[PDB]
Every structure is written in C-alpha cells, then in structure tokens.
Amino acid sequence: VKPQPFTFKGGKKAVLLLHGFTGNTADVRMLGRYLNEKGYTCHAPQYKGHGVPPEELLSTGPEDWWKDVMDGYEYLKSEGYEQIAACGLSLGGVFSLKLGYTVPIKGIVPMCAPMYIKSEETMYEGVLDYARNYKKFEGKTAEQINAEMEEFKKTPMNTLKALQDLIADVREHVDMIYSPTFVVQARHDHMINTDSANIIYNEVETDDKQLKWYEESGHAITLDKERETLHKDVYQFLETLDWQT
C-alpha cells in the first residue's frame, strides 16, 4: 500500500527509525510496531524523493535526506521526547551513526550499515532496478515500463557522488561516538561489505558496544526470516539504555 511517515505513540522512551536508500518507512514499520507494543514511542520520517515516483528521487541527495533525519529528531524533541534512540537500516544506519556524534542520543542501532563505498555505476544499477519495480507496482504494463525506463536512463543521478562522500565522512567520525551502539549485521549480505560491522564495533569509543551477526538473513534484514528475533534483540538492547536520566 501507500508509503508514509508514521508515528506510534507510547511512553517517554522514544526511538527514531530511519529507512535505507531507495527504501521507505515500510522497511522499519514492523520494528516500530513491535517496539510500540513494548511501550516505546516510535517515529519514522520518509526521506525526500522516497515513496514517490523515481523521477523525483533523481533530484534529491544526502543533504535532503539528512534534513529529513534531523527534522524527525527535532519533531520528537518538539513533541516532548527529549530522550531518543536511533535505529536505521543500511543508509538509515549510517544516519544513525551520524546522529550519534552530532546530537544527544541514548543509543544507536545501525542495521547493515555500509562503511565501504560502492561505485556510482553499481549504485545506479540499483536505482534503475528500483525505478523499474516502482513503475511495475504502479500497475503499468511491461511495454509502458520499457518506454518510461528508456527516458529514465537518460537522466543520471548526479547526487550519487555525494552519497559516497557521506558514507566515507561518517566512517572517519565513528571514533567520536560515545553512545551505546548495537551493531546489527546479516552475515549473508550481498549488498554491502559485511566488514563494515567490524569497523563500527572496533572503532566506536563507547563502553557499551555490541555486535551480533544474523546467520539466516540478507541485506533487507527487517523483512527477512529472522526479523522476530531481530525485534527482540533490538528491544532488549534498548531496555539497557539510561532512560529517564
């Protein structure tokens, strides 16, 4: 169905949930529903250019998506939730780490966050596959999709280099994170370099750093078979955080 930002109201423990590149809030909705059933207040913004036709994605970049992340953090603050944890999938996990050394965060849970850059061509191939599937889900025939993709291929995404610079910049500041960190990484991730999980765990400078590998999951770990175990592991980590004060 339709993708939209969601806010699940619960107690004073607040969690900011961040989806990945070419994703949407549905990637973190089941996790937000589980945490809200456990009493957490959950808010998931939707990045600019996501949840809309892919032609609008081409005009957006990390500077737009980061503004959506900060707006989500400030929305929870403006609503009375001063204590916020950050949990994100892939690029959302990168944004979660960036929040860790930028604003007060009770704890961060980067899930399959890439610390290694990929080539623009490799990234753009994923954009093209996302664009083709989006038009497929719009109900268009195969012939109409081929015609629209032919024009789509003539419009390169000029913000992919900035996306590379974002991942490289966060990796150089991982040692400035002192908040508790729960690194979640699927072992059979064919989308990123799984050594990113070791970089985050080894170089974060917090006393409470954790790493768990998921042996039966792919990159989309929140949608794969172990997600119920992931929900419990994330919940049980969030419970150890220094809430209230």
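Looking at the range 136-172, which trypsin sites (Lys or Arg not before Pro) are DSSP coil and have at most 15 other C-beta atoms within 10 Å of their C-beta?
Values: sites: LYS136, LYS140, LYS153, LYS154, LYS161, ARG171; in loops: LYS140, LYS153, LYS154.
When the trypsin sites (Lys or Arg not before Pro) of the range 136-172 are filtered for loop state and at most 15 Cβ neighbours within 10 Å, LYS140, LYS153, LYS154 remain.
Which GluC sites (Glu not before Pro) in the range 50-137 sit in a loop by DSSP (not H, G, I, E or B) and have at most 11 other Cβ atoms within 10 Å of their own Cβ?
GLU82
Under the 0.36 nm per residue contour assumption, what length would be gained going from the current alpha-carbon distance of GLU63 and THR141 to full extension? If you can, show how the numbers build up before the last one.
Working: separation 78, 0.36 × 78 = 28.08 nm, distance 3.44 nm.
Separation in residues times 0.36 nm, less the Cα-Cα distance, equals 24.6 nm.
Using only the alpha-carbon atoms of the range 61-192, report the extent along each of the three principal axes, biggest first, to the nearest angstrom.
Sorted from largest, the Cα extents of the range 61-192 read 51, 33, 27 Å.
At a Förster radius of 41 Å, what calculated FRET efficiency corresponds to the Cβ-Cβ distance of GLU120 and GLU82, to the nearest 0.05? It would help to have the intermediate numbers written out before the result.
Working: r = 40 Å, r/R0 = 0.97.
FRET efficiency, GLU120 to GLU82: 0.55.
Please list, in order along the range 208-223, the HN-Hα scalar couplings obtained from phi with the Karplus expression 6.51 cos²θ - 1.76 cosθ + 1.60 (θ = phi - 60°), rounded to whole Hz, x for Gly and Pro.
Once θ is set to phi - 60°, the couplings for the range 208-223 become 10, 10, 9, 9, 9, 8, 10, 7, 10, 10, x, 4, 6, 6, 6, 10 Hz.
So which of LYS77/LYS98; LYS2/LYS154; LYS9/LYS106; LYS67/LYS118 end up more than 26 Å apart, counting from Cα to Cα? Could you put the intermediate results ahead of the total?
Values: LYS77/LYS98 18 Å; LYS2/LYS154 28 Å; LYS9/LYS106 18 Å; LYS67/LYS118 23 Å.
Table pairs above 26 Å Cα-Cα are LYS2/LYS154.
Could you work out, for the range 7-94, what percent of all Cα-Cα pairs fall into each 10 Å distance bin, beginning at 0 Å and stopping at the bin that holds the largest distance?
19, 51, 25, 5
Can you tell me the equivalent ellipsoid semi-axes for the range 124-164? Use √(5λ) from the Cα gyration tensor, largest first, whole Å.
Values: eigenvalues 97, 24, 7 Å².
Semi-axes (√(5λ), whole Å): 22, 11, 6.
Suppose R0 equals 41 Å; then what is the FRET efficiency for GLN236 and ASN158 from their Cβ-Cβ distance, rounded to the nearest 0.05?
Numbers: r = 42 Å, r/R0 = 1.04.
Using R0 = 41 Å, I get an efficiency of 0.45.
Can you return the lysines within cross-link range of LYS212? Criterion is Cα-Cα under 18 Å, with same-chain partners fewer than 8 residues away left out.
Hits, sequence-local ones excluded: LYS225, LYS232.
Over all pairs of distinct alpha carbons, what does the Kirkwood formula give as the hydrodynamic radius of the chain, in Å? Mind showing how you got there, number by number?
Values: mean 1/r = 0.0549 Å⁻¹.
The Cα-based Kirkwood calculation yields 18.2 Å.
For the chain, what is the relative contact order in percent, using Cα pairs closer than 8 Å and at least 6 residues apart in sequence? Intermediate results must be reported in sequence, preceding the final value.
Details: 460 pairs, mean separation 47.6, N = 245.
Once divided by the residue count of the chain, the mean separation gives 19 percent.
Select from the range 181-234 those trypsin sites (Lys or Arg not before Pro) which occupy a DSSP coil region and have at most 16 other Cβ atoms within 10 Å, ordered by residue number.
Numbers: sites: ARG187, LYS209, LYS212, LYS225, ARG227, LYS232; in loops: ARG187, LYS225.
Hits after loop and neighbour filter: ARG187, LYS225.
Per 0.36 nm of contour for each residue apart, how much would the distance between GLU215 and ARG33 grow if the chain were fully extended, relative to their Cα-Cα spacing?
Values: separation 182, 0.36 × 182 = 65.52 nm, distance 2.39 nm.
Additional length available on full extension: 63.1 nm.
Classify the range 188-245 as rounded, prolate or oblate, taking a ≥ b ≥ c as the square roots of the eigenvalues of its Cα gyration tensor: rounded when a/c is under 1.5, otherwise prolate if a/b is larger than b/c and oblate if not.
Details: a/c = 3.08, a/b = 1.29, b/c = 2.39.
Judged from the Cα gyration tensor, the range 188-245 comes out oblate (a/c at least 1.5, b/c at or above a/b).
Assign unit charges at the C-beta atoms only (+1 for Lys and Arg, -1 for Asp and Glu), then state the dipole size of the range 201-245 relative to its Cα centre in Debye, rounded to the nearest 20.
On the way: 5 positive and 12 negative charges, 39 e Å.
For the range 201-245, the charge dipole is close to 180 debye.
Values in this text are rule-based calculations from the coordinates and carry no lab data. Every residue, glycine as well, gets a Cβ built from its backbone with ideal geometry; the counts of neighbours run over all protein chains shown.
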